[PDB]
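First the proteins, then the strands, lettered A, B, ... as listed; each starts at 1. Basis for what follows: all heavy atoms, side chains included, without hydrogens, waters or symmetry-related copies. Order of listing sets the numbers, starting from 1, for every ligand and every atom in it.
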Amino acid sequence: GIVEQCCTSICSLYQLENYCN
Amino acid sequence: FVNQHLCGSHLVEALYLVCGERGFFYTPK
Ligand SMILES: [Cl-]
Ligand SMILES: [Zn+2]
């Protein structure tokens, strides 16, 4: 999930937008 | 913009900046 995406490996601010409502 | 490692409260801080008024969900595994 988001934790695998951004904490374990790296992620972009654009990927984070996927979790906006 | 650039990529980065974001863990714990820092990830949630980032979600707040990016989403703002839209709101977001934080659902760890
Ligand atoms: Cl730290
Ligand atoms: Zn810290």
On a heavy-atom basis, which atom in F24(B) and which in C19(B) lie closest, and how many Å separate them?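 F24(B) and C19(B) have their closest heavy atoms at CB-SG, 3.7 Å.
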Using every non-hydrogen atom in the two residues, find where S12(A) and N3(B) come nearest and quote the distance to one decimal. CB-OD1, 3.3 Å
If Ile, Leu, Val, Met, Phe, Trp and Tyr residues are connected whenever their side-chain heavy atoms lie under 4.5 Å apart, and connections chain through other members, are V12(B) and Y16(B) in the same group? yes
Please say yes or no: joined through hydrophobic side-chain contacts below 4.5 Å, possibly via intermediate residues, are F1(B) and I10(A) part of one cluster?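 Different hydrophobic clusters.
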Near the Zn ion (ligand 2) (protein N/O/S, cut-off 2.8 Å, waters excluded) we have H10(B) NE2
Any side-chain heavy atom of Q4(B) within less than 4.5 Å of one from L13(A)?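 They are in side-chain contact.
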Is the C7(B) SG less than 2.5 Å from the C6(A) SG?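 Not so, these two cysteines form no disulfide.
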